[PDB]
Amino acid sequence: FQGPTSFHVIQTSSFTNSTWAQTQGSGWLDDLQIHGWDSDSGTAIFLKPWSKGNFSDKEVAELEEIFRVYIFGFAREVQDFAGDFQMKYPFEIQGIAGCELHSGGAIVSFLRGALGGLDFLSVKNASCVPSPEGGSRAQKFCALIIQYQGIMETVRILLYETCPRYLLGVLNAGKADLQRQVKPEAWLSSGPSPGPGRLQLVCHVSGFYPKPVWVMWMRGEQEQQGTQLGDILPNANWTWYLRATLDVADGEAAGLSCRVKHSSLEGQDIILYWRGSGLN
């Protein structure tokens, strides 16, 4: 199957001072948002009709209650730790937790936490593991957290029992959107590049879904090794945009073409031809 293979929840908790913290949260299938967290209500916003997967309304409400309690409890615990330790305000904590379906069918779960944009801890086989980047502060935090009754047990159930069944249910519920095929469009542009008599050609490819795509500058059947892929950028509405560049000598751009291959094209590759003397 195509499209996303993982579900994760993220947390960003911003601590302004000892009495003021704010948390932002959301739920995602790979890079696609499916849940929002509404701080005004302490509940989740379901972005797609199928966002609850195969979960009952009661299970969805119990999970929202767990997150609501966690967000409140977490801010209180951090403010206490920050005071006991050498923590200067402001600071930000991030967390990510979820699971992914791999080839062969295994579902693997993960939980990572950061402080100041650096790794701080993770959960590896039901225990709190401090990250070396987190140093002594992470060792003390893990040792404190495991002392609170029920926490690690709740984490273990959510990660290893709840997440996998949720992921399967939501990948099936959302299949008509997650596994849809959207054709890209492509176009060429050019500009000067560093150095004498050098040109940079750009092949723009936009509007494709799912994310895997192949774009290469070519000379007939010869793939140009010099093709540089930019980072894949999002469009609104679950499609992507990519730039593939090639640096060439002036007077050597004629004969170049850009070829795009995508799952949506049914074997009909897009082929664009660069023309010289302003004939584009």
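Residue numbers here begin at 1 and follow the sequence given. For the two forms, the rigid core is made up of the largest set of C-alpha atoms that agree within 1.5 Å on superposition.
- Root mean square Cα distance to the shown form, taken over structures and residues in 8 other deposited structures of this protein after a core fit, is higher for 195-203 when 132-140 and 195-203 are compared.
- Higher mean CA temperature factor between 254-262 and 17-25: 17-25, per the PDB entry.
- Set 56-64 against 32-40 and average the Cα temperature factors; 56-64 ends up higher.
- Residue-level inspection of the entry shows that, of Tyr166, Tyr209, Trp187, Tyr148, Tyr148 has the top Cα B-factor.
- Ranking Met218, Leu233, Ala249, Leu246 by the C-alpha B-factor listed in the PDB entry places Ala249 at the top.
- The entry lists a Cα temperature factor for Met87 that places it in the highest third of the chain's modelled residues.
- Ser6: CA B factor in the lowest third of modelled residues in this chain (values from the PDB entry).
- The entry lists a Cα temperature factor for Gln94 that places it in the lowest third of the chain's modelled residues.
- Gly73: CA B factor lies in the middle third for its chain, per the PDB record.
- In this PDB entry, the Cα temperature factor of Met152 sits in the top third of its chain's modelled residues, the highest group.
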